[PDB]
Amino acid sequence: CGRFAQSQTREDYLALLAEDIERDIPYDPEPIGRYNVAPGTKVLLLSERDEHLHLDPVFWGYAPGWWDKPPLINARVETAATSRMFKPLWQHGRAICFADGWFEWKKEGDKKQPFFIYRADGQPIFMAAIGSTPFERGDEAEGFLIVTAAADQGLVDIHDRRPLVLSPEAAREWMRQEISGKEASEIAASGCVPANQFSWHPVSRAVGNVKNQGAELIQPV
DNA sequence: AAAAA
């Protein structure tokens, strides 16, 4: 899940999670309009602080000063709560990245075919994220990562990993500051949306190039 | 201290 789509209005996503009284997010009717969201860009990221939901543009990627590699973009759910690197983000930096769906490339010989993956019921997805707070500082090295899970049932046909997607109710509980890291692991386990709830279809190979941003990139070929 | 083109 190193690319996804985040194209609808803020309200299209937020309406499933919280009413205005729970937000500290200015109203904006403009569609976010991103059909091809890539690592290293800032991405609108949802989190909870001061008992309200906030939406900040956060660097997709995580590379601390002692990190000598390209920034990581994913954290494995099997070990993130335990990892020396990720445990602090699991404790303090939980967030939600909402999206329309995500892209994965199925390797077929030496060729790669992209797929777009989305909820069969038409709802947006709420991907579990962890990252470096305070999110609102706009850091360009220590941002957020998307938590991954082992691909299950049908998704294994495309790729061996998938984003950890939470139900709207679990997404809300995941973001709460007053729940512990062990509570968050319970929420991740019980709130995970199973693979049977997703559909997918091949898309244009044009999505490979981050310059391309058209609505057609999520349409079937 | 780990996991897209």
Side-chain angles (χ1 to χ4, degrees), chain A residues 1-7 32 34-45 58-95 97-118 125 127-133 139-152 155-165 181 185 188 192 195 198 200-219 221:
Chain A
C1 26
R3 302 279 188 83
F4 57 89
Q6 194 189 72
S7 71
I32 297 169
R34 297 182 75 183
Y35 292 92
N36 192 8
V37 178
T41 69
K42 283 175 165 175
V43 185
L44 294 172
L45 186 68
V58 182
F59 180 78
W60 183 10
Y62 186 70
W66 49 268
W67 184 252
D68 45 339
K69 291 96 167 190
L72 300 176
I73 66 170
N74 294 311
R76 297 176 60 91
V77 73
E78 291 88 346
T79 47
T82 43
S83 148
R84 167 160 194 224
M85 180 168 205
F86 293 141
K87 178 179 251 278
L89 317 177
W90 192 272
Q91 300 171 134
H92 301 294
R94 296 189 311 277
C97 189
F98 48 68
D100 308 315
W102 70 99
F103 301 92
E104 299 274 13
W105 282 253
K106 182 185 175 195
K107 56 163 88 67
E108 308 170 7
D110 61 356
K111 318 124 200 185
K112 290 180 287 174
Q113 171 66 57
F115 286 74
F116 186 61
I117 305 159
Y118 50 92
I125 60 180
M127 296 182 294
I130 64 183
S132 169
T133 52
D139 202 274
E140 291 284 13
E142 292 186 71
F144 75 97
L145 312 103
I146 293 190
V147 180
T148 59
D152 42 328
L155 283 170
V156 69
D157 297 330
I158 309 303
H159 193 60
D160 61 334
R161 307 287 298 176
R162 51 163 289 191
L164 173 66
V165 173
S185 292
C192 187
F198 298 90
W200 47 95
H201 53 246
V203 290
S204 174
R205 305 229 200 142
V207 71
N209 179 355
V210 302
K211 110 186 160 55
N212 290 326
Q213 293 296 325
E216 81 207 347
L217 299 180
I218 60 168
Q219 296 184 150
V221 296

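Just so it is clear: chains get the letters A, B, ... in the order the sequence lines come, proteins before strands, and each one is counted from 1.
A:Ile130 has its CD1 atom 12 Å from the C1' atom of B:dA3, to the nearest Å. The CG atom of A:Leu145 sits 9 Å away from the P atom of B:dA3 (whole-angstrom rounding). One can place CZ of A:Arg76 at 17 Å from P of B:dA1, the figure rounded to the nearest angstrom. Rounded to whole Å, atom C1' of B:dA4 lies 12 Å from atom CD1 of A:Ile117. B:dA5 atom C1' lies 11 Å from atom CH2 of A:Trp60, rounded to whole Å. Distance CZ (A:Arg3) to P (B:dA3): 21 Å, rounded to an integer number of Å. Going from atom NE2 of A:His159 over to atom P of B:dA5 covers 8 Å, rounded to whole Å. Distance A:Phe116 CZ to B:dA5 P: 16 Å, rounded to the nearest Å.
Contacts with DNA chain B (heavy atom under 4.0 Å) in residues 103-112 of chain A: A:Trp105, A:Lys112, listed by number.
Contacts of A:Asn74 with the nucleic acid, taken as non-hydrogen atoms under 4.0 Å apart, involve only primed sugar atoms and P, OP1 or OP2. Residue contacts shown for A:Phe4 are absent, as no nucleic acid heavy atom lies under 4.0 Å away. Heavy atoms of A:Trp66 sit under 4.0 angstrom from at least one base atom. Counting any heavy atom pair closer than 4.0 Å across all strands shown, A:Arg161 reaches no nucleic acid atom.
With distances taken from any side-chain atom of A:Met85 to the nucleotides B:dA3, B:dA4, B:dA2, the minimum falls on B:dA2.
Side-chain nitrogen and oxygen atoms of A:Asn36 include none within less than 4.0 Å of the OP1 or OP2 phosphate oxygen of B:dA5. Considering only side-chain N and O atoms, A:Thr148 lies nowhere under 4.0 angstrom from the phosphate OP1 or OP2 of B:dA3.
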Side-chain polar contacts of residues 73-84 of chain A - donor-acceptor pairs under 3.5 angstrom, sequence neighbours left out - could you list them?
{"unit_1": "A:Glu78", "atom_1": "OE1", "unit_2": "A:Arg161", "atom_2": "NH2", "d": "3.1"}
{"unit_1": "A:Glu78", "atom_1": "OE2", "unit_2": "A:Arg161", "atom_2": "NH1", "d": "3.1"}
{"unit_1": "A:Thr82", "atom_1": "OG1", "unit_2": "A:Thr79", "atom_2": "O", "d": "2.6"}
{"unit_1": "A:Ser83", "atom_1": "OG", "unit_2": "A:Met85", "atom_2": "N", "d": "3.0"}
{"unit_1": "A:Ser83", "atom_1": "OG", "unit_2": "A:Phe86", "atom_2": "N", "d": "3.1"}

Could you list the donor-acceptor pairs under 3.5 angstrom formed by side chains in residues 201-208 of chain A, with sequence neighbours left out?
{"unit_1": "A:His201", "atom_1": "ND1", "unit_2": "A:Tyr118", "atom_2": "OH", "d": "3.0"}
{"unit_1": "A:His201", "atom_1": "NE2", "unit_2": "A:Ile218", "atom_2": "O", "d": "2.9"}
{"unit_1": "A:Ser204", "atom_1": "OG", "unit_2": "A:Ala206", "atom_2": "N", "d": "3.1"}
{"unit_1": "A:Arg205", "atom_1": "NE", "unit_2": "A:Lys112", "atom_2": "O", "d": "3.3"}

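Using a 4.5 Å heavy-atom threshold, the side chains of A:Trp60 and A:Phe144 count as touching.
Crowding of A:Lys42 atom NZ: a count of heavy atoms from other residues, nucleotides or ligands under 6.0 Å exceeding 12.
Across every non-hydrogen atom of A:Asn209 and A:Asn36, the tightest pair is O-ND2, 3.3 Å.
In this structure, A:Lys69 is positioned above the aromatic face of A:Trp67, its NZ or CZ under 6.0 Å from the six-membered ring centre and within 45° of the axis.
Nearer the 5' end of DNA chain B, as judged by each residue's closest nucleotide, is the contact made by A:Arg84, out of A:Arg84 and A:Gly40.
With hydrogens and angles disregarded, no donor-acceptor distance shorter than 3.5 Å links the side chain of A:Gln6 to the backbone of A:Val43.
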